[PDB]
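Comments concern the structure below.
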Amino acid sequence: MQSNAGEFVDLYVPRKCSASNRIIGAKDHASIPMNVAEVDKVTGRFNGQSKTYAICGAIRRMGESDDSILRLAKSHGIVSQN
Amino acid sequence: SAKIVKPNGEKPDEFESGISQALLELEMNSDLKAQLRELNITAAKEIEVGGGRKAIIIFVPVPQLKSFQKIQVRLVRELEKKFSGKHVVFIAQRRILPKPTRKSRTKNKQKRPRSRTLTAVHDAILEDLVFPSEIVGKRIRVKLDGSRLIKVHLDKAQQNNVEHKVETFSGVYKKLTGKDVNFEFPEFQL
Amino acid sequence: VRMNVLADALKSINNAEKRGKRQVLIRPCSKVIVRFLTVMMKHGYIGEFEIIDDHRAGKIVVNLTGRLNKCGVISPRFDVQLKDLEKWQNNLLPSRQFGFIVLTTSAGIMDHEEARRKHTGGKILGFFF
Amino acid sequence: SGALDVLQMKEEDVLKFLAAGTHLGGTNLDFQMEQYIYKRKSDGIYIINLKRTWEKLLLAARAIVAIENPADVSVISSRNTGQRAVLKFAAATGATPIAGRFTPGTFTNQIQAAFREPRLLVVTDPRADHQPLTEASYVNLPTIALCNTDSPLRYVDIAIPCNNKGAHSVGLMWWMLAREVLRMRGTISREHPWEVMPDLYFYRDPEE
Amino acid sequence: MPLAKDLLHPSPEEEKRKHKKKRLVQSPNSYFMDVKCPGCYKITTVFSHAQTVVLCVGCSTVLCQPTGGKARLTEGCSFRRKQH
Amino acid sequence: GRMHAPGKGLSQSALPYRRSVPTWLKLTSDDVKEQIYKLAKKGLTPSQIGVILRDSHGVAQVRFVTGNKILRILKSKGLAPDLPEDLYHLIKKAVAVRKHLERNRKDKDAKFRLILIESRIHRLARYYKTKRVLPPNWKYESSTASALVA
RNA sequence: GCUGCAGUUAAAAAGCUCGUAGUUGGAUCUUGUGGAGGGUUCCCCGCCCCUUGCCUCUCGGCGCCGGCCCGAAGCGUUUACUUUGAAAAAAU
């Protein structure tokens, strides 16, 4: 958040989950980032740069996460057709 | 002749006269006369597209519209070759009215028919462009900049016939209405 | 029955947004509902929407994000007079920095920030933020 | 996937899946477990697809790789069949096994001499190991597991469908899991057959 | 819902197995059929849920027995769509 | 829901999107008219007429092959009935109820049900009389029921 | 308790239904382009058919070269609504 002074106020900007486009708390203990490791996709070996996601605790605890992680990954690798 | 076989509406134009001439000539000829009848049109017009092609429009009186729609393909085929490389399509000449309030003056003489309103005409116009396929669905999409694109799902009866005409209808519709259209076919039909 | 069409529409989008759905089904379509959702789209609270056509009253399908929080109806439809406006705008909005009460005027349907710049009051329809 | 054939289905493994009866699946469905089933049989059996198994195996495995230190991807199983399997798993790839009765409060406590604090979990059968799953959402652990066709999905980020009512279906699936992680992280990859047997990942079973 | 729903486009035929007015675009599920039973060579056309006895003017003159559902045929012959 | 029963149901007919179907139809507009006129002679009424056309002929509806409907076709002749069939069928019914009540006077159930059907006449009438499809002097009575049924 | 209350058990829904007044009531009958004011399309003249709907004219000005053109005169089916004016004693 930016004032007319140009002072960039607010203690931190909180992360916004890709599960359902909404923002998690600071004591929500069911909200998990999950790092998937990319591979070269020519031999099948680790290659550097991870794809990281984040999911909110609310959709997790009702049990929607299995579809959400699949849908996110389906538009990338290592699922492209299921 | 050729300048007096189409009633008022763009009476002296070279191409338009040459269309009417060979049109009525064929209808009197005995080559086919079981789907052709001597009648008059009511106008004609030639309008291009950005596809690098021209297309002719033939209007009709509209109660006579039923007979023109009968042959419509054989006839159009002959005129595709006679005016080479141009598509030819029939349409119906439909009047459209201002609101009964507050532009043109009236004494509320009539009710403003709902078969002479604006919306009823633009629906009827769409039926003529893709006449040999008929229309199974319509859907519409709205864009983030307030534009609208009107998808039209057409029957797969006579699919190929209008699928080599599929772009040229869109440039036609733009000029006649003002509206944007696209076409598609499904794989599912009643 | 369904005496208020607009009132039945918005409750759906409210319920749906809470669960996290990003496609919905709203019926019946009305022209009033179209221009409503147009305003809600421009500002960027919802995405593009598709009007299925029938020959009855239509049905609408919407693409939405988690940005929406609450859109309400106000029944009955009160008048506003551009000094009554401020009294309203306090009550329906959580802030002075965001949210838009919507209304209809003789200059067409629009948000309140826009209506004040046309200098015309009118009848209030709903709100959102 | 998108790799040429080195991250795609192999002719060999299809035979192993079908010999161990993984394709067969229980007589019930959920509203989340109907996107991996194709259809039902003449019989009450519901037939899991193996194409759908294969993709889910991979991105599951790629996440298990992604930790820098593998010594804290804590595997858990309490049913008898998945005991012998997990022990060889956590010997092969660096992990910490928890066999048998969980003893709850493992990650919640601060004072307990069996305290653990992993990052991931890989659980067999959600509805036998419900205690660690519930406890996962108090310490922000991602979760992976093997679902039947009717196990409840809730605190399961990614599933890896299986038959898992016992037999060879259990041990085979843990063996395949350990094959993949070594191809990707290690240098065991050669795309020519691994020495280790799926035989010694199966259940001990009452002996002769 | 899994929150992956597609309502823009219908399902292959799982949309076409629901109640007829809960389909995206309404349709009947009834149809006609062009029937020609032995001995009266004419193309009769009959509705599937006829509700009434249908006659033929030849030797045959009975073709349906009314039922609440699809009417029973007196002789099991002839089914067409026809066309649309 | 039902106006004097608690039930809430569905059985409403659903028409197709396309109305030029099924595109093989024998007979055309003028032909349909004479086909209709014959039926009204025989004692059929507009609802029955459309059934007997639809079931055994290529017509789906007369709405979809002419600009008219079954009632308007009869009206152009002047062969239309003097009051709606709808109104008639209510009045036709209520006389039989009154007969059963005279034959059996301990049937309180019947007495109740008559009040429902009775009120349903008056409500229906209050549509018609404002639309000038009846005389504005017309009123429902015991006496008028007797005369209109026989 | 209109804004802004409550009615399973804390005070509390007529035994039940019908019914006139009252209150409330589905969908449906128009969008794009040059100039001008503000962006990069979009919100005072006009254009596709419409554009402050029409005429009919005649009396009293403006024109241009007897002849011709356009402001004022009836109004757009009616209300509410909204916006502007007029109009309002002082003290408070």
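Numbering, chain D: per Swiss-Prot, residues 2-209 in sequence.
Recorded method is electron microscopy, 3.5 Å.
Each Cβ is built from the backbone N, Cα and C atoms, and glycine gets one as well.
Annotation comment: Swiss-Prot describes D:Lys89 as SUMO2 cross-link. Annotated N-acetylserine per Swiss-Prot: D:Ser2, in sequence order, evidence recorded as sequence analysis. Annotation source Swiss-Prot lists phosphoserine at D:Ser43, citing similarity to another entry. According to Swiss-Prot, the feature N6-acetyllysine maps to D:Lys52, D:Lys89. Taken from Swiss-Prot, the feature phosphothreonine applies to D:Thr97. The annotation region 'Interaction with PPP1R16B' is assigned in Swiss-Prot to D:54-113 on the grounds of sequence analysis. What Swiss-Prot lists as region 'Laminin-binding' is D:161-180.
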Rounded Cα separation (Å) that holds between D:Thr97 (phosphothreonine) and D:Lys89 (SUMO2 cross-link): 11
Those recorded positions listed as D:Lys52, D:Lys89, and which of them has the most Cβ atoms within 10 Å of its own Cβ: D:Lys89
Secondary structure content of the region 'Laminin-binding' (D:161-180), with strand meaning DSSP E or B: 11 helix, 0 strand, 9 coil
Pairwise CA distance, D:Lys52 (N6-acetyllysine) versus the residue listed as 'N-acetylserine', rounded so that it is a whole Å: 11
Rounded Cα separation (Å) that holds between D:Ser43 (phosphoserine) and D:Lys89 (SUMO2 cross-link): 38
Cross-chain proximity of recorded positions to A (CB under 8 Å), evaluated over D:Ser2, D:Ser43, D:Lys89, D:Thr97: D:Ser2
Inter-residue Cα distance where the pair is D:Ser2 (N-acetylserine) and D:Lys89 (SUMO2 cross-link), in Å: 28
Neighbour-count leader, CB within 10 A, modified residues: D:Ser2, D:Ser43, D:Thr97: D:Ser2
Secondary structure tally of the region 'Interaction with PPP1R16B' (D:54-113) (DSSP, helix then strand then coil): 25 helix, 9 strand, 26 coil
